[PDB]
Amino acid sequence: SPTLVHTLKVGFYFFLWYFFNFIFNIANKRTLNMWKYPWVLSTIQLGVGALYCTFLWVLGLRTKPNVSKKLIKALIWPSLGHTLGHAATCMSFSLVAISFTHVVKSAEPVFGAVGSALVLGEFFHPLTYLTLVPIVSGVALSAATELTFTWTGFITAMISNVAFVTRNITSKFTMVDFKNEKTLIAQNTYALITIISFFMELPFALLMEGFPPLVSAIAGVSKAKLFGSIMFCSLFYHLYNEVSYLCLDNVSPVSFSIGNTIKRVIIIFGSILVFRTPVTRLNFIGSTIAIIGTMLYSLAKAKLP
């Protein structure tokens, strides 16, 4: 029983990850529909999470990490990947329906398997190349039938696959290299990342968009409602990423990306219902084939030498 029970506590971390991420995605897109500034918004979300974590340390509510220069340097690459994937994903969110963004990001386990095998010196069974046929065909079919498609919205989402895979693999190194450091719990690893990531993105956000006026492009929405939406999606942005690093602490980077693809099916279904996103038969079939292909690719990689 304790073995299956331990998987229930870990599975609950995955549920929180999915539950917080769905609240984030809906509120984040509603913010972008009123306030189309992805650079500044994504930077705000990192800063709110940075401030939230420092408050927990100040109040003694969370163990303070024994920060060393060795750890900081070992967190640069996780932070560069997080910042780049975050800014690219928010840019995609601002340009297309978020359901299409998560379809593109559903190919993350393929990038994760390649990057992980490059590091671990592994090799791929030829059958994994066959499973790329439904993935490439599915994504191409989904993009060809997506009403909101733009080339920039598609490419920025594809970029985030590379950046987040880089984040997850390098973060996994740090978490294992500092396994005996009891103060570097999973939440503190992401806490330091979101603090570094904030200052990494901050100059780009100001150069790209400046200080956008706090005005809703949707007529009739007060500034207080716009500010509450910005703060609401920023709070749940941090919570879902924080809980996800608990999940990353308990699984491999590739398994983490598989858990992400399951998350995207939930977000895709939920977002098209909430937003009444128009979806044609070919578009549903294309997206479904691509995600089935990603699972088959993962199954082929896992079950073959």
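When you see a residue number, it is the position in the sequence shown, counting from 1.
For the two regions 89-97 and 75-83, the entry's Cα B-factors average higher over 75-83. Two stretches are in play, 205-213 and 135-143, and the higher mean C-alpha B-factor belongs to 205-213.
Looking at 258, 267, 44, 61, the one whose CA carries the top B-factor in the deposited record is 61. If you compare the C-alpha temperature factors of 279, 26, 53, 67 in the entry, 67 comes out highest. Ranked within its chain, residue 10 lands in the highest third, by CA B factor from the PDB record. Residue 248 sits in the middle third of its chain by CA B factor, as recorded in the PDB entry. Split the chain's modelled residues into thirds by C-alpha temperature factor. Residue 227 is in the lowest one.
The entry lists a Cα temperature factor for residue 128 that places it in the highest third of the chain's modelled residues. Among all modelled residues in its chain, residue 290 ranks in the middle third by Cα B-factor.
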